[PDB]
Amino acid sequence: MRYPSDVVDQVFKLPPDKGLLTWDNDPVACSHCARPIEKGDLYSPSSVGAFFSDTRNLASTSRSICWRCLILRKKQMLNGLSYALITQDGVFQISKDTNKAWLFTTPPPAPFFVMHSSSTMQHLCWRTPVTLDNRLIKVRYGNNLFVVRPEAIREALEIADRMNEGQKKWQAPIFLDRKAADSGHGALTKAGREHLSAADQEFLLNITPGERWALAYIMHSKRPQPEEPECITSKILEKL
Amino acid sequence: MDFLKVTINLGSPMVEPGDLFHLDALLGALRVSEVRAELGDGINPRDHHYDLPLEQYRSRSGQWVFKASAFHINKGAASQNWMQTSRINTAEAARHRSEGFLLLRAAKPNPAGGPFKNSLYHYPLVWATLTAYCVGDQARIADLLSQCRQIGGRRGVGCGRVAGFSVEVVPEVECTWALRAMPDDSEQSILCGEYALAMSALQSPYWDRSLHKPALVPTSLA
Amino acid sequence: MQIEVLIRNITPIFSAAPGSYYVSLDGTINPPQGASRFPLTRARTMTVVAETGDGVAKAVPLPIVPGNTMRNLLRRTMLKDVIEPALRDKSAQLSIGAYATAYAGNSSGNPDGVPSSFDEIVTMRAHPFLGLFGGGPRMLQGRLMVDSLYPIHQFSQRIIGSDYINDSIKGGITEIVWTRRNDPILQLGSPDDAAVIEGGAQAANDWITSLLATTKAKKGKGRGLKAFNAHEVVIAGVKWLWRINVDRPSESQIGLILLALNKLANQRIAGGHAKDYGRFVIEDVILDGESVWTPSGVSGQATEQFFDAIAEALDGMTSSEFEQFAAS
DNA sequence: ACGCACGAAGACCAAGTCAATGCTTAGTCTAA
Ligand SMILES: [Zn+2]
């Protein structure tokens with residue numbers, strides 16, 4: 001895939017809705033997924049309504065929405081893709097911690113989109129940049145766009161295991177929060193501050209926010225075993 | 001035309017950039033500020049943000065980037081997760097609704113969404129010395145950076161004040177300008193370290209998603 | 001244009017820090033499991049590097065007021081003291097989109113995302129109020145860049161500077177205030193007290209019996225009114241420095257900022273409305289290195305032009321400008 | 001008579017943390 005809207009016609013294969021206008025002016029980017037809207041394509045003027053609180057993430061002021069985004073803005077699409085991973089084969093659910101560990105330790109090779117919501121249901125279909133290479137995974141968490149490097153996650157897990165190797169009571173070296181909301185998120189704990197070497201402390205302080213978020217779901221006393229997430233595109237298509 | 005190292009010292013913590021913070025983008029922003037002060041706010045910003053004292057690298061396919069590496073982030077302290085909210089005072093809005101200042105017929109506010117939504121967001125704050133490498137004019141770059149006061153982002157709330165800056169000529173062997181978003185078909189010999197393929201813009205502005213292209217992004221800098 | 005406001009808080013300033021933090025009776029933050037723990041709401045502390053105890057660099061927390069809080073306080077002061085009375089004098093009425101844009105810069109009025117022509121940008125960014133605080137569906141870049149309220153402390157020397165060294169405080173400036181909530185039913189003492197209650201003695205008896213049963217069940221393994229806890233505040237009397245910069249300000253915008261600074265003393269800082277926290281008095285206002293704060297507020301021969309410009313702007317201000325800015 | 005009000009609803013996994021700062025010892029005379 002190339003664009004967030006490309007997930008529709010490639011893994012959902014949903015035909016465009018009826019009654020959509022046809023573009024007849026100089027091409028302009030979509031207001032959601034930044035896809036160009038060329039002459040002869042199907043679009044619709046923006047009618048997001050007063051309850052749309054994602055104006056800051058709009059690609060442009062074209063006020064035009066391509067049919068793929070019009071599909072992606074349906075309630076069944078927003079709810080189904082709350083904790084989704086959209087790859088070529090299908091849409092997978094990464095809600096469970098084991099799924100997150102598998103994704104951030106053994107990512108799929110193909111381009112994919114990573115979905116995650118910080119509340120009941122949020123606009124995430126059209127805000128996630130594509131992950132071209134598995135070594136640089138871009139994850140959209142609520143209003144935060146994260147960059148996760150699997151090698152950094154593996155190195156941090158190795159550091160935590162080596163620091164907790166001797167002590168019988170397991171204790172995390174770095175303070176992390178699943179919601180990425182705590183005031184101490186990403187800061188070293190007392191055990192990390194006074195039981196780790198200078199190189200390990202410098203590495204743990206110099207990780208990206210996305211890596212902290214991922215370790216908040218992976219790094220624990222009993223590391224979850226990675227497992228393949230289930231196929232979810234069937235459920236979303238049936239509910240639509 | 002000359003090889004440079006740009007060092008920026010902070011007097012206040014800055015927002016830790018989620019993606020690469022590029023020297024050329026900052027220079028373009030400062031140039032746009034200069035042309036705004038000289039002409040006004042009616043200018044097109046895209047007509048003046050390439051007039052920078054930096055020489056360009058052009059690849060086989062014509063894709064070109066500034067020779068200005070992304071800023072290196074070395075943290076003098078652990079990153080602090082800063083919390084900010086947003087809310088409209090409900091009692092004040094109710095008073096205005098009663099007095100006719102506000103034309104709202106709805107009975108209740110909705111903190112979950114709508115005009116009276118309460119929102120919670122976070123961004124990290126870091127104390128760092130900003131060092132980056134570029135090829136250009138020392139005098140003009142130093143002049144442009146003289147008017148720069150804040151670094152990174154969230155400047156409206158005063159994040160990332162500049163205590164000072166320094167521009168020095170350094171040997172080429174120290175560190176190259178390549179630590180940035182290079183075009184897809186860039187030559188391997190000029191790349192410093194491992195380069196992962198990802199989607200990013202090659203010219204400022206870097207937040208414009210319509211300008212995003214597949215590019216080689218340094219793994220040891222993102 | 002640099003504005004330096006020297007603020008001394010008469011009452012303690014309480015900006016609640018997110019998180020569930022505990023404290024013991026003796027005052028130990030996060031006491032161990034051995035002793036009793038009570039919830040604590042600490043003040044907003046920012047990790048800063050400083051030369052503490054003759055050290056080269058120490059990351060010590062500094063109790064501050066967030067810059068976004070100061071920005072919103074300035075916006076509310078302008079709205080409630082100059083903008084709203086001026087619009088009321090014209091009997092102006094604002095829609096929900098315009099009002100949301102004016103009071104929080106919320107794009108809910110027109111979340112479609114509206115393009116802005118260069119002439120429109122020039123006209124609107126020159127607005128006396130909406131130009132300073134960008135936002136709305138258009139969502140411009142505001143000309144106002146307000147810094148956080150850093151206290152004049154030993155650890156804030158590298159953030160504030162050495163210009164106000166005479167007012168610095170060496171020791172800690174945080175204190176713990178304990179609160180308590182009592183069940184009013186348990187404080188009844190005579191049938192005259194229970195006369196106002198419809199159930200009289202029977203209702204109070206049932207209330208007390210329910211409380212006792214709930215307490216016994218909780219001890220063995222619905223929450224009552226009784227509660228004991230504390231919240232941490234910055235001690236009163238500490239001086240603060242507020243730095244405000246306006247990028248390319250017009251005369252009207254500077255006049256509005258000066259008017260807000262004149263009326264800023266009537267407002268509160270951060271939270272604590274119930275306990276009258278955050279009360280402060282302006283001590284000095286500095287405009288581009290020139291002191292302007294007279295005992296009768298911001299005045300002088302060098303600021304009459306700003307006041308005249310803002311008065312003229314208020315005379316001709318209409319709600320149509322707000323509607324156009326909010327694309328309503 | 002399109003615009004706005006207002007409930008129902010649909011995603012639904014789920015840990016480990018919560019200090020960040022202590023530090024010593026007597027010469028000057030050159031304005032009333
Ligand atoms: Zn689209």
# chains A, B, ... in the order shown; residues from 1 in each chain; ligands from 1
$ select_by_dssp --residues "stretch 23-271 of chain C" --states "helix (DSSP H, G or I)" --output "PyMOL selection string"
chain C and resi 67-89+96-104+107-109+118-125+154-160+165-167+184-187+193-195+200-220+251-266
$ interface_residues --of "chain D" --to "chain C" --cutoff "8 Å" --atoms "only C-alpha atoms (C1' of nucleotides)" --output "VMD selection string"
chain D and resid 18 20 to 23
$ closest_atom_pairs --of "stretch 63-163 of chain A" --to "stretch 1-15 of chain D" --cutoff "9 Å" --atoms "only C-alpha atoms (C1' of nucleotides)" --output "tab-separated table"
residue	atom	partner	partner_atom	distance
A:75	CA	D:10	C1'	8.1
A:76	CA	D:10	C1'	8.0
A:78	CA	D:11	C1'	8.1
A:79	CA	D:11	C1'	4.7
A:80	CA	D:11	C1'	6.2
A:81	CA	D:11	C1'	7.9
A:82	CA	D:11	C1'	5.8
A:83	CA	D:11	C1'	7.9
A:94	CA	D:13	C1'	8.8
A:95	CA	D:13	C1'	5.2
A:96	CA	D:13	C1'	5.0
A:97	CA	D:13	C1'	6.9
A:117	CA	D:11	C1'	8.9
A:120	CA	D:11	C1'	6.3
A:121	CA	D:11	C1'	6.2
$ select_by_dssp --residues "stretch 201-326 of chain C" --states "strand (DSSP E)" --output "MDAnalysis selection string"
chainID C and resid 227:234 239:246 280:287 290:291 293:294 297:298
$ residues_near_ligand --ligand "ligand 1" --cutoff "8 Å" --atoms "only C-alpha atoms (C1' of nucleotides) and all ligand atoms" --output "number ranges by chain"
A: 4-5, 29-35, 65-70, 126
$ write_last_selection --atoms "N, CA and C atoms" --output "short mmCIF file (atom, residue, chain, number, x, y, z; two decimals), in the first residue's frame"
data_model
loop_
_atom_site.label_atom_id
_atom_site.label_comp_id
_atom_site.auth_asym_id
_atom_site.auth_seq_id
_atom_site.Cartn_x
_atom_site.Cartn_y
_atom_site.Cartn_z
N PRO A 4 -3.06 5.61 3.51
CA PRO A 4 -4.00 5.00 4.46
C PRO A 4 -5.31 4.61 3.83
N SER A 5 -5.79 5.38 2.86
CA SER A 5 -7.04 5.04 2.19
C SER A 5 -6.91 3.80 1.32
N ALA A 29 -5.28 17.49 -2.94
CA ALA A 29 -5.14 16.36 -2.03
C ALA A 29 -6.41 16.17 -1.19
N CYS A 30 -6.65 14.92 -0.80
CA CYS A 30 -7.76 14.61 0.08
C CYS A 30 -7.57 15.28 1.43
N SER A 31 -8.67 15.70 2.05
CA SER A 31 -8.58 16.38 3.33
C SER A 31 -8.22 15.45 4.47
N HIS A 32 -8.26 14.13 4.27
CA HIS A 32 -7.98 13.18 5.33
C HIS A 32 -6.70 12.40 5.08
N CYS A 33 -6.59 11.71 3.94
CA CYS A 33 -5.47 10.81 3.68
C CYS A 33 -4.42 11.41 2.75
N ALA A 34 -4.58 12.67 2.36
CA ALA A 34 -3.67 13.39 1.47
C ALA A 34 -3.54 12.75 0.10
N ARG A 35 -4.38 11.78 -0.23
CA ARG A 35 -4.37 11.22 -1.57
C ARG A 35 -4.82 12.27 -2.58
N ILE A 65 -13.34 14.75 0.33
CA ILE A 65 -13.04 13.45 0.91
C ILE A 65 -13.19 12.41 -0.18
N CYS A 66 -12.14 11.63 -0.41
CA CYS A 66 -12.23 10.56 -1.39
C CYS A 66 -13.15 9.46 -0.88
N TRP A 67 -13.63 8.63 -1.81
CA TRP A 67 -14.60 7.60 -1.44
C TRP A 67 -14.01 6.61 -0.44
N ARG A 68 -12.71 6.34 -0.53
CA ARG A 68 -12.09 5.43 0.42
C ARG A 68 -12.15 5.97 1.84
N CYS A 69 -11.89 7.27 2.02
CA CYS A 69 -12.02 7.87 3.34
C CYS A 69 -13.48 7.94 3.77
N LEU A 70 -14.39 8.16 2.82
CA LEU A 70 -15.81 8.13 3.15
C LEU A 70 -16.21 6.78 3.70
N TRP A 126 -7.32 7.38 8.78
CA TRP A 126 -6.70 8.28 7.82
C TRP A 126 -5.55 9.09 8.41
#
$ interface_residues --of "chain B" --to "chain C" --cutoff "8 Å" --atoms "only C-alpha atoms" --output "MDAnalysis selection string"
chainID B and resid 11:13 37 41:44 76:77 80 83:84 86:88 100:104 114:116 127 155:159
$ write_last_selection --atoms "N, CA and C atoms" --output "CSV table (one decimal), in the first residue's frame"
chain,number,residue,atom,x,y,z
B,11,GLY,N,18.1,27.4,27.1
B,11,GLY,CA,17.8,28.0,28.4
B,11,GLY,C,16.5,27.5,29.0
B,12,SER,N,15.6,26.8,28.3
B,12,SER,CA,14.4,26.1,28.7
B,12,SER,C,14.3,24.8,28.0
B,13,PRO,N,13.6,23.8,28.7
B,13,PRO,CA,13.4,22.5,28.0
B,13,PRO,C,12.6,22.7,26.8
B,37,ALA,N,9.0,39.8,8.3
B,37,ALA,CA,9.3,41.1,8.9
B,37,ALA,C,9.6,42.1,7.9
B,41,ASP,N,2.8,39.7,6.4
B,41,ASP,CA,2.2,38.4,6.5
B,41,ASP,C,1.4,37.9,5.3
B,42,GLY,N,1.4,38.7,4.2
B,42,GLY,CA,0.7,38.3,3.0
B,42,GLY,C,1.5,37.5,2.1
B,43,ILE,N,2.8,37.2,2.4
B,43,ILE,CA,3.7,36.5,1.5
B,43,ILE,C,3.3,35.0,1.4
B,44,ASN,N,3.7,34.4,0.3
B,44,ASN,CA,3.6,33.0,0.3
B,44,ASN,C,4.9,32.3,0.9
B,76,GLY,N,20.7,16.2,28.6
B,76,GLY,CA,21.3,16.5,29.9
B,76,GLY,C,20.5,16.0,31.1
B,77,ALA,N,19.2,15.5,30.9
B,77,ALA,CA,18.4,15.0,31.9
B,77,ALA,C,17.4,14.1,31.2
B,80,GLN,N,10.9,14.4,30.4
B,80,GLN,CA,9.8,14.6,31.2
B,80,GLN,C,8.5,14.7,30.4
B,83,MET,N,2.1,17.4,30.7
B,83,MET,CA,0.7,17.2,30.5
B,83,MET,C,0.0,18.6,30.3
B,84,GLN,N,-0.8,18.6,29.3
B,84,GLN,CA,-1.6,19.8,29.0
B,84,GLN,C,-3.1,19.4,28.7
B,86,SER,N,-7.4,21.0,27.7
B,86,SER,CA,-8.1,22.0,27.0
B,86,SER,C,-9.6,21.8,27.5
B,87,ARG,N,-10.2,23.0,27.9
B,87,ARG,CA,-11.6,22.9,28.3
B,87,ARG,C,-12.1,24.3,28.2
B,88,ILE,N,-13.4,24.4,27.9
B,88,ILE,CA,-14.2,25.7,28.0
B,88,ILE,C,-14.9,25.7,29.3
B,100,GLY,N,-27.4,35.8,26.4
B,100,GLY,CA,-27.5,36.0,25.0
B,100,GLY,C,-26.2,36.2,24.3
B,101,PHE,N,-25.1,36.2,25.0
B,101,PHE,CA,-23.8,36.3,24.3
B,101,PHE,C,-23.5,35.1,23.4
B,102,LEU,N,-23.9,33.9,23.9
B,102,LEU,CA,-23.8,32.7,23.1
B,102,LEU,C,-25.1,32.2,22.6
B,103,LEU,N,-25.1,31.9,21.3
B,103,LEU,CA,-26.3,31.3,20.7
B,103,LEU,C,-26.2,29.8,20.7
B,104,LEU,N,-26.5,29.2,21.8
B,104,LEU,CA,-26.5,27.8,21.9
B,104,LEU,C,-27.9,27.3,22.4
B,114,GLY,N,-17.2,17.5,20.9
B,114,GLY,CA,-18.0,18.7,20.6
B,114,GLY,C,-17.4,20.0,21.0
B,115,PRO,N,-18.2,21.1,21.1
B,115,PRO,CA,-17.6,22.4,21.4
B,115,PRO,C,-17.0,22.4,22.8
B,116,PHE,N,-17.6,21.7,23.8
B,116,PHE,CA,-17.1,21.7,25.2
B,116,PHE,C,-16.4,20.5,25.5
B,127,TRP,N,16.0,18.5,28.3
B,127,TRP,CA,17.1,19.4,28.3
B,127,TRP,C,18.2,18.8,27.4
B,155,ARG,N,6.0,26.3,20.8
B,155,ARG,CA,6.6,27.6,21.1
B,155,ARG,C,5.7,28.6,21.7
B,156,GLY,N,4.4,28.4,21.5
B,156,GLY,CA,3.4,29.3,22.0
B,156,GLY,C,3.4,29.3,23.5
B,157,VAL,N,3.7,28.2,24.1
B,157,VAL,CA,3.7,28.1,25.6
B,157,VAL,C,5.2,28.2,26.1
B,158,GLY,N,6.1,28.6,25.2
B,158,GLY,CA,7.5,28.9,25.6
B,158,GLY,C,8.3,27.6,25.9
B,159,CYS,N,8.5,26.8,24.9
B,159,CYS,CA,9.3,25.6,25.1
B,159,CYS,C,10.5,25.7,24.2
$ interface_residues --of "chain A" --to "chain C" --cutoff "12 Å" --atoms "only C-alpha atoms" --output "MDAnalysis selection string"
chainID A and resid 30:32 44:65 177 181:185 187
$ residues_around --residues "residue B:180" --least-positions-apart "2" --cutoff "7 Å" --atoms "only C-alpha atoms (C1' of nucleotides)" --output "PyMOL selection string"
chain B and resi 22+69-70+178+182+217-218
$ closest_residue --among "A:77, A:21, A:110, A:156" --to "chain D" --atoms "only C-alpha atoms (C1' of nucleotides)"
A:77
$ closest_atom_pairs --of "chain B" --to "chain D" --cutoff "9 Å" --atoms "only C-alpha atoms (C1' of nucleotides)" --output "CSV"
residue,atom,partner,partner_atom,distance
B:105,CA,D:5,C1',8.1
B:106,CA,D:5,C1',6.2
B:107,CA,D:5,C1',8.2
$ closest_residue --among "A:162, A:135, A:168, A:190" --to "chain B" --atoms "only C-alpha atoms"
A:135
$ residues_around --residues "residue C:310" --least-positions-apart "5" --cutoff "7 Å" --atoms "only C-alpha atoms (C1' of nucleotides)" --output "short mmCIF file (atom, residue, chain, number, x, y, z; two decimals) with C-alpha atoms, in the first residue's frame"
data_model
loop_
_atom_site.label_atom_id
_atom_site.label_comp_id
_atom_site.auth_asym_id
_atom_site.auth_seq_id
_atom_site.Cartn_x
_atom_site.Cartn_y
_atom_site.Cartn_z
CA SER C 252 -3.97 47.21 19.10
CA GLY C 255 -2.79 47.71 23.97
CA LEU C 256 -4.91 44.63 24.62
#
$ closest_residue --among "A:15, A:90, A:40, A:111" --to "chain B" --atoms "only C-alpha atoms"
A:111
$ residues_around --residues "residue B:141" --least-positions-apart "6" --cutoff "9 Å" --atoms "only C-alpha atoms (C1' of nucleotides)" --output "PyMOL selection string"
chain B and resi 6+27+52-54+167
$ interface_residues --of "chain B" --to "chain A" --cutoff "6 Å" --atoms "only C-alpha atoms" --output "PDB file with C-alpha atoms, in the first residue's frame"
ATOM      1  CA  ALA B  78      15.700  12.322  31.559  1.00  0.00           C
ATOM      2  CA  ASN B  81       6.227  13.778  30.080  1.00  0.00           C
ATOM      3  CA  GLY B 113     -16.646  15.582  22.198  1.00  0.00           C
ATOM      4  CA  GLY B 114     -18.043  18.675  20.597  1.00  0.00           C
ATOM      5  CA  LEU B 197      13.404   3.078   4.278  1.00  0.00           C
ATOM      6  CA  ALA B 198      10.374   5.070   5.430  1.00  0.00           C
ATOM      7  CA  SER B 210       1.002  15.586   0.605  1.00  0.00           C
TER       8      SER B 210
END
